[PDB]
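Residue numbers (the authors' numbering), protein chains in the order written: chain H, 10 to 125, 130 to 283, 308 to 393; chain K, 3 to 51, 66 to 167, 173 to 188; chain J, 3 to 157; chain I, 6 to 44, 49 to 169; chain N, 58 to 203; chain M, 87 to 110, 114 to 199; chain O, 72 to 98, 105 to 120, 126 to 157; chain L, 86 to 162.
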Amino acid sequence: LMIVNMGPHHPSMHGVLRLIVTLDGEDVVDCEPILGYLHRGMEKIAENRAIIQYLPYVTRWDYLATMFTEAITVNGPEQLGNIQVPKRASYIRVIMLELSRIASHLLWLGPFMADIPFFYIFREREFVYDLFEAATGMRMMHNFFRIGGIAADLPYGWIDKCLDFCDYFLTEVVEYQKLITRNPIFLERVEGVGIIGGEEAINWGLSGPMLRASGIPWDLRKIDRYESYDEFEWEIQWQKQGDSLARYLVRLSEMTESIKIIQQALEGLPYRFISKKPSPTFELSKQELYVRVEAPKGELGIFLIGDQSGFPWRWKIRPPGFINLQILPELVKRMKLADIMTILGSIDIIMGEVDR
Amino acid sequence: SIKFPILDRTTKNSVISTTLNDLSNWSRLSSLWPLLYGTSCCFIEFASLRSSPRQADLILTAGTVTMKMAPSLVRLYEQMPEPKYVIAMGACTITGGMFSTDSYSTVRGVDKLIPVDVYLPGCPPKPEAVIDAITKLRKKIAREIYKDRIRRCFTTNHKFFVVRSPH
Amino acid sequence: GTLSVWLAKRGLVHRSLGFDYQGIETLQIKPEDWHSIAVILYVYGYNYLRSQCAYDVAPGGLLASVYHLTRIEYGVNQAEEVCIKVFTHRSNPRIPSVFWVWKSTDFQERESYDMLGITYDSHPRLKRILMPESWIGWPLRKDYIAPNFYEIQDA
Amino acid sequence: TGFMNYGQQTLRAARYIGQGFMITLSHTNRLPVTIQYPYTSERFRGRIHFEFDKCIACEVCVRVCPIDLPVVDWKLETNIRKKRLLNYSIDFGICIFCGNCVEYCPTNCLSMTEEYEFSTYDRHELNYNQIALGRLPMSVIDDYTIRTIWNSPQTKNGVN
Amino acid sequence: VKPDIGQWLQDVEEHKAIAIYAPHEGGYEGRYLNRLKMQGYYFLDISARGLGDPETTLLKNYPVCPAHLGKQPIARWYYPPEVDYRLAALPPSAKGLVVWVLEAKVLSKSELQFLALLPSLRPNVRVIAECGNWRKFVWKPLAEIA
Amino acid sequence: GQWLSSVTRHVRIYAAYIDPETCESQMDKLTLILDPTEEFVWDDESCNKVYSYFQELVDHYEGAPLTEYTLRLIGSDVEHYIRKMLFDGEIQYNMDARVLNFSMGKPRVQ
Amino acid sequence: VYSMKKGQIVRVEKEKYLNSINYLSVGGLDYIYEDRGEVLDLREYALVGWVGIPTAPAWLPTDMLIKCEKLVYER
Amino acid sequence: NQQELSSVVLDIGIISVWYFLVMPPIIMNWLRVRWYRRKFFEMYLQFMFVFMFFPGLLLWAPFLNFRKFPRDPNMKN
Ligand code: SF4
Ligand code: SF4
Ligand code: SF4
């Protein structure tokens, strides 16, 4: 039972974490996940900062998809103050949020395919960041979410590049879909892990790909009527193969479902930039409001107890992947050191929203 | 208020020795090869631009360093002790970043932890910013003539036992 | 609420605080009866617990570790949300953990003990999940001062 | 016939290695783009352009900031409403370039540029002045090593 | 290919203000700075990419102004000058001059570059080692345009 | 694991069997390694003064379970003592390393 | 509408704030025991925070703290 | 005990200075002018060529004269 140190510079690059295991032989049997490495104290500083000052702070959580964090932390005060967003800016927010979900799943499967290369996905990613530069102007550090919608307007080149992104992107996606059917090393090196079912993934804490992996059509934005999700084409992954390749088909189907949503929303266009802007500064109320949105990892959440002041009295975040991290102590029992790379890939986690 | 160096002379003042010093310094300024050290928001530049933690002396700290990260970080600098230095490439390796006031478990820069040559603007710039940073580091090492191989150990220690109370 | 006058009305303290902002409901529950109350709300239709919220109103006074338990499932979509309000104080941090039955509450109760210091039982490994194990004091409570540490200043 | 099943597994493996080798051989034909060193639009939010005489009053840069970094000393001059502003000190090590007061300025003298080459040798050098923040950075068309960056188009294949 | 021609040292001891026209092709710039350092001199660094009012920064004890993060006050203190304290940063007597290595030719008004060439001749222990807007070769023309 | 220290610039706890510089194995002998990076002057009499001050601080600040939090506290106020000693001019800088970043700020004209 | 004004020095005794954690680090020590914290906001309770130490603030009872004087300290 | 050649000088030294002088600038020039205009078959054979033709490039590695003017500019330095 030689204790692994599981150091800060991992052989993989998926964050800094600590997974000391007794590992009798090569079989790992007992996990003790030590965290607190990428920690910044978001709750107390968010109690010490306003919404327009913790609004630059929402970038250090799920920075592979930064639209979700600022999206939920601006959708908090919109439903809190009951201020209506017009349909145009809300649908463009839906388009860019699904594009960030696309970016999150491809930036998962990039380094996951690198561990188990970079320019096989970067030939898409250069046009993806060109879309981010034509949408807000930054690469992943955007500050463009207001109460009335997008802080700016879409330029006349971004809608043309958004029309071109579908037949720029879906063809290389379906050229990348047939690899797991062709290449048997993904049928023999990541096949098998992920043995949890649906009645158990509901039982512990799970959401997102680990909950859809069992053949459950789960969606917050389908159950909760949000952003007119029943107008668009939906196909939530009812893939019941359980394992890690079931999760890969889950993520391919989620990317293709977002492609279908954006492709139906290419020519929608139902309406200004910011509705209800009389003054630059405002405040918040005091309610008992827990707002949640469909994360790419499953139910990102914002807890809020107001102060009727410039600062929020309570600001607690429920990150999706940190609740997802609870299952590895149970998904460690009968695997190997060559398996934990596939495990910490298939969790689909970065340490930005973990410690926070 | 500073100290005083020795500054006696330059003993290696032949043409062959200064030629070899210039060529070794320019080749030292040519072969960066970092250990990557991503695992944060500055990992995203690696896909656009080893594993032995004693090998690559020319590492740049492209990560958000915290107080719990600090013992492994100073141990890793002990694993890169003499030849080369580190490059701060996240405002949190410089000033603590965006949480420079109120964060308890985040160090206000690694400028109180490790010698740093170059300070970046911080939050993920364009992928040619790291190229300009390693070019400016190459200009820095080109100024260095390997200090004419001039060496001092302090070795401060007490052999009196502390008033310990373990678990 | 629904279950406060139908299931917890048969000899349990489901002390309601009214309705919440959208559809949730806050019901005050004492730590004394909290594990059996958790099992009773578990065998009701409610299975999915997420976002244990440890809010620190009245610093030096009342301390709470509320829940957001609902009844989502695979085929049905009857999302009935409720806040199980458990309460404590600074002098009494003793609270029962649900980690004996709901064994996914490791990280949640460890963060609650890590940021407030709420003393727990029936828990397999209660450790400081974000801070070092030598660390004293708790930052999330509003009566806390970060001591004279040079890494907290720029200088 | 278990070794026959091993052979059939390796036949499917060799078919997959050949097909993926064709895929990667086609992936190696990404010749026109090749992003590298030189040897965007207006919202780059890089180096922030500042104007001194258009900067007058209401100190919102110090208020809407997530860290409250700006340090501007001011003494009121009588009967003319002039604050006598001096030493617009911005530390870019403190600064995030997150851009609140760039668009939230009542004067709107705070504008962004495309400069990001501020990698410096010392942290005390980063404390910049008001005249250093009024510099036009670069006209990137006018370099002998920088061509036209593919802003509007993509995969042009015109350099060769 | 390696000049090994100390004519740049003759330029820095004759004119003491030369635009170092040299690319971003690695560190082919500090070798003459290394030859000035091996001559007994001391060379320190500056950059004009964020240096404003350069004569008011090299002299006249420009203010410190510590950046408080919404907690401390202004504390308008006077930091020591750039090159006056650098002349005060020569503890032995064998140091013949002080080289001011400047590495930013862009965003530097030609008027202010001529003003900075003034303190290269204001004393006799000031060497200006400014950049030359990144030519392809290694050229050292003098401060003629500035 | 085996390393139990709070190691920063000019303050390194290093509770190990380190009589000279060769590290080892681990015991209650806290070997205070000072100035790894050659940042200041650090004359030997002033180093003896700072080491005696640190000895008095660890003598008066012990009695409680010696864990990592006491190590943070003692390295932190040791760095405060070094900062207030260099601000009064007992510790000058170095200008012999390849950085000389002036980590405690430039001394003013006051 | 409140107890005291905003900007007075806060002196803290170890017995006067015995509800908090002021007796764990017996001896290291602390710094906000003397006239160092300043009142920044008030509600029964008052916000506090040092004039030079940039750390997070805190909320403390109006009798648990004490308005000491108007003497800031820096450098 | 053969000595089939019996040549004293200017047999392989001529071929050596030919391969080390005439070849490497044309090889490096073909590496420059065909950097993008290539099939992966062409890049494949160029990689094989530059692998075969390495140690002649030692006198042409530090020197670089005709390689940066993608305009019609003037030497305004
Ligand atoms: S400064 Fe910001 S972006 Fe850079 S490493 Fe630190 S937290 Fe990440
Ligand atoms: S620049 Fe903005 S913050 Fe500064 S004085 Fe003018 S309006 Fe106020
Ligand atoms: S640039 Fe960004 S970080 Fe700096 S003051 Fe403006 S909004 Fe704040």
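Think of the CB as a built atom: it goes at the ideal place given N, C-alpha and C, for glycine as much as any other residue.
{"Item": "Residue from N183(M), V147(M), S92(M) with nearest C-alpha to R185(K)", "Value": "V147(M)"}
{"Item": "Which listed residue (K32(J), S114(J), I154(J)) has its alpha carbon closest to that of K353(H)", "Value": "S114(J)"}
{"Item": "Whole-number beta carbon distance between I163(H) and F245(H), since they are thought to touch under 8 Å", "Value": "That pair is no contact at about 19 Å."}
{"Item": "Near ligand 3: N109(I) beta-carbon under 6 Å from a heavy atom", "Value": "yes"}
{"Item": "Members of the region 102–116 of chain I near chain N, C-beta cut-off 7 Å", "Value": "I103"}
{"Item": "Residues that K173(M) contacts on chain I, provided the C-beta gap is smaller than 9 Å", "Value": "Correct list: empty, because the minimum Cβ distance to chain I is about 20 Å."}
{"Item": "Any non-hydrogen atom of ligand 1 within 6 Å of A149(K) CB", "Value": "no"}
{"Item": "Cβ-heavy atom distance, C74(I) to ligand 3, below 6 Å", "Value": "yes"}
{"Item": "Helix, strand or coil at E134(I) according to DSSP, with G and I counted as helix", "Value": "helix"}
{"Item": "Contact between the region 105–124 of chain H and the region 73–90 of chain H (3+ Cβ pairs under 8 Å)", "Value": "yes"}
{"Item": "Euclidean distance between Cα positions of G134(O) and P137(K)", "Value": "26 Å"}
{"Item": "Residue range of the unbroken alpha helix (DSSP H) whose run includes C175(H)", "Value": "171–190"}
{"Item": "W35(K), buried or exposed, once every other Cβ within 10 Å from all chains shown has been counted against 16", "Value": "exposed"}
{"Item": "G138(K) CB to nearest heavy atom of ligand 1 below 6 Å", "Value": "yes"}
{"Item": "Supposed close pair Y135(N), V156(N) - CB separation, criterion 8 Å", "Value": "About 26 Å separates the two Cβ atoms, so there is no contact after all."}
{"Item": "Continuous beta strand (DSSP E) assignments of at least 3 residues falling wholly in the region 81–143 of chain K", "Value": "102–104, 132–135"}
{"Item": "The region 103–112 of chain K touching the region 146–153 of chain K, judged by at least three CB pairs closer than 8 Å", "Value": "yes"}
{"Item": "For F21(J): DSSP bridge partner residues", "Value": "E27(J)"}
{"Item": "CB contact below 7 Å: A140(O) versus chain H", "Value": "no"}
{"Item": "When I40(I), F53(I), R56(I) are compared against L51(K), the one with the closest alpha-carbon", "Value": "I40(I)"}
{"Item": "Cross-strand partners of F129(M) (DSSP beta bridge)", "Value": "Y182(M)"}
{"Item": "Assigned secondary structure, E52(H) (DSSP; H/G/I helix, E/B strand, else coil)", "Value": "helix"}
{"Item": "For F89(J), the three-state DSSP class (helix, strand or coil)", "Value": "strand"}
{"Item": "Proximity of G47(J) and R73(J) at Cβ, strictly below 7 Å", "Value": "yes"}
{"Item": "7 Å CB neighbourhood of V263(H) in its chain, flanking five on each side removed", "Value": "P222, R225, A226, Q250, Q252"}
{"Item": "Residues near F143(M) in its chain [Cβ-Cβ closer than 7 Å; skip 5 each side]", "Value": "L121, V167"}
{"Item": "Cβ contact (3+ pairs, closer than 8 Å) linking the region 117–127 of chain J and the region 90–102 of chain J", "Value": "yes"}
{"Item": "is_contact[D131(I), chain M] using C-beta, thresh 7 Å", "Value": "yes"}
{"Item": "Neighbour-count burial assignment, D10(K), 16 or more Cβ in a 10 Å radius", "Value": "exposed"}
{"Item": "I131(N) in three-state terms, based on DSSP", "Value": "coil"}
{"Item": "Proximity test, Cβ basis, 7 Å: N190(M) and chain I", "Value": "yes"}
{"Item": "Proximity to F151(J) [Cα-Cα], best of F191(M), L162(M), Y170(M)", "Value": "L162(M)"}
{"Item": "The region 76–95 of chain I in contact with the region 26–37 of chain I per 3-pair CB rule at 8 Å", "Value": "no"}
{"Item": "Chain-ordered chain J contacts of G194(M) [CB-CB under 8 Å]", "Value": "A157"}
{"Item": "Neighbour-count burial assignment, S31(I), 16 or more Cβ in a 10 Å radius", "Value": "exposed"}
{"Item": "Cβ shell of residue 111(M) (< 7 Å), same chain only, five flanking positions each side left out", "Value": "Absent here is residue 111(M), because the residues of chain M run from 110 on to 114 with nothing modelled in between."}
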